[PDB]
Amino acid sequence: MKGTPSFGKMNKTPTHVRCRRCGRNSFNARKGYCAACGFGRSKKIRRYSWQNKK
Amino acid sequence: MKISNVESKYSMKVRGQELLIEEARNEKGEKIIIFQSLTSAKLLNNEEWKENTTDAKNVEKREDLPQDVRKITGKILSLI
Amino acid sequence: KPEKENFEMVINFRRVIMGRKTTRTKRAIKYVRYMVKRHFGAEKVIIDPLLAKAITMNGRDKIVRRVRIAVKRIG
Amino acid sequence: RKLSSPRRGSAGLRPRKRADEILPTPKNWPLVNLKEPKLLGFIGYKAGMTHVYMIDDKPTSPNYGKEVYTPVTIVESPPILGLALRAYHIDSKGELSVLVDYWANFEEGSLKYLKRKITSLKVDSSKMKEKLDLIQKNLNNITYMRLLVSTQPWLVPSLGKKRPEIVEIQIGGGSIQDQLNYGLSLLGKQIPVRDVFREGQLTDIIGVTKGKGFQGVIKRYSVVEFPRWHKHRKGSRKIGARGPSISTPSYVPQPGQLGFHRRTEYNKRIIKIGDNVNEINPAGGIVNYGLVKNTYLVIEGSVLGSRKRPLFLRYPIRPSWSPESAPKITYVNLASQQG
RNA sequence: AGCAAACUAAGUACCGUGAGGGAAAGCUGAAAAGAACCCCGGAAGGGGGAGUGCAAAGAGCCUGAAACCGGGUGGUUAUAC
RNA sequence: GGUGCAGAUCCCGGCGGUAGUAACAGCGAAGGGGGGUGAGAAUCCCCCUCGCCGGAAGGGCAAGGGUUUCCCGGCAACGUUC
RNA sequence: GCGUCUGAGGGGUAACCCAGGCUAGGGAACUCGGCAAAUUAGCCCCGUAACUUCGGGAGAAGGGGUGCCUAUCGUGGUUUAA
RNA sequence: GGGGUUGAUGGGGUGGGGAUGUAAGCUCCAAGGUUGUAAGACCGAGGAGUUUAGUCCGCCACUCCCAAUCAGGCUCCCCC
């Protein structure tokens, strides 16, 4: 249910795991991509104009 | 009513447990049974007391017990 | 000198019952320590399980209304 | 829409608190009513009750001259042992304090029963002479004349007690000079209820009702259970509102002690003053009381208070009818109160 | 406060499945000279006594305010703001 | 010249009162006696008995946690008490 | 397997609250409302309306039996087994 | 509110009066059956006697048999 049980089923695998590049457990196996280390569709490193607040 | 003196004391061995039996009569003279099964008990201040058992005689078969003694033990021997 | 009796006493479990069902058996044996000191100056009360056992052939809440006791109250 | 309703609970007796002396005392006395010196009440004990069979004595009774059935209460009447005489007069400031007392048990009364509760006088200064004539000097300027008496419960094994109560009774009669002499005689001796009472009289009752402990409002003031749904919802045994506003959170039913109160009783007519214990004792020992073994008072109706309470009696304050003596009986129930 | 960051690691612990967000925390005196030793407790840089040292506020260690609470000093109370 | 504070349901740190109060009940469990250890035992251990569960509180198996397993020694916190 | 769904002991145990059990007599007067609560209830046999989409309705309705023991009997299966 | 050894306050014991409804065992009978040559003895749900029983009674009286002690605290000597 929308309350706590919504958190219940949450024992399965992380939808983002250790991507081999940036040391962040953020590799979306399901999308065949890392949203952190950029490995998967950019040869270049994922970097943005807004890594922070300017 | 006070107990005068003891006359009967046997020894019986039940369920892997020691068991003593005592019989005596009060000053009113009624015969009442005494159940006691423990040899050790912490003295207050401050030792251990050993229950004496030298004069007790050993009973090994049920009907060897006096008939009246036996016919009351049934209500109790279940829950030793 | 206290009378080192081989005495037999009769107890009445009247007061213990009539109140909380859930507590009787403990109060029962606890009541046992009451008179034994009172009528024999007991400093510490050592009860054989059997003479204690018979009060509860029942578990929680059924208790015989009376019982006989024998005491070899050593020093 | 705000239908009529009598105010529930009884506002008449506020405050409701527990008495401070187990044996109460009257605060007024019915008039003497044109007669000779005698007492106007008596002390006793609540032993038990039963039901009795009688011919009706009420001349205007709808049941006149017939056998009808009526519950009746028994009151064991142990002898009374007087103590002293107390002097009341219009003192300074125009009040009615105690002028003086007049004690005498050194002349008679080698009884330590009183000693159990009071460390009373010694023989060293038993010089009541200057006290007694003080009354004589203060004669004609006296208004009221009570009496110091004690109960003798040691003559009743039913009540396992040995230190007694000493209490008071005011005496009315003929002339004042007569009354003091009448009382003077009564000192140092024993007095039966027959010395004050006779059968067929009316009698008044002030005493302490059956205690009950802390109570609930449902029981204390007979407040009403909320209808149906509250037998399922939010609570049931309480009053809803507690006043229109803090403008006097008022005399409203609120919890508290009930019982053990100083209360009142009117219009009680005695039945029998017997002396054979076998005539009244029920089967197997009267319940919770024992076996009556002195003279007893046979009073019908109900009498307030728990069993084994001292009770102090009194002549009628506003008697409904003047009774004749001896409403003769036809049956006494000796059956067990048990069963 | 000074950039978050002066400290045993700071984008560190951590909150988030996620892009991300994002901390707290300095001072023993110059020299540990860190209280040897004796009594209590089992112990606790705990008690007591002694000792080091200008000084011990001697490990929780510069100085040490209030809100606080406790002992005491001085007044002072159960017909009353 | 970052400049004088009582507030801005300010921020941050400390501590108040309600106060040893609520709660440590509610979903069908429950312990008792004797002995041992140790400073200290309702709560830990030994014995006996007893009650409860018993298509689950039993038995075996994942993803996850990552040593939660075992042995030895301990108790300031950590354990809703100890 | 458990007395670890981890705090306990005292008590004639007040009121009251939550879980319950039971209440004479009347039996919906409570009440927006029979809400709640109650009554029936397993099984076998007998027996079963109006209406209808003829299939049901339909455990319609209603009535009757049901224990314990001493005997029996029938039917069927099974064992190398018409 | 009582009691506290100068005592019937509570237990015990004995009676008293009550509630359930007649303990076990024993004997007899038992619908039938098991045997057993018979004689007899064996099972049997149950009925009767053995028995207003047996168990129980937060009620009463008598009975000092046991228990009210040991102990601690607070305080007055103003009046002669």
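If you go along the chain as it appears here, the first residue is 1 and each next one adds 1.
The header says electron microscopy, 4.9 Å.
Yeah, the Cβs are placed from backbone N, Cα and C, and that goes for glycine too.
Counting residues of the zinc finger (A:19-37) by DSSP class, helix then strand then coil, yields 0 helix, 4 strand, 15 coil. Look at Swiss-Prot and you will find A:19-37 tagged as zinc finger, backed by sequence analysis.
According to Swiss-Prot, the Zn(2+) binding site annotation covers A:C19, A:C22, A:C34, A:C37, on the basis of sequence analysis.
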Binding-site residues near chain C, Cβ-Cβ under 8 Å, from A:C19, A:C22, A:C34, A:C37: none
Site of maximum Cβ density within 10 Å, from binding-site residues A:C19, A:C22, A:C34, A:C37: A:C34
Same-chain residues near the zinc finger (A:19-37), Cβ under 8 Å, at least 6 residues beyond its ends: 13, 45-46
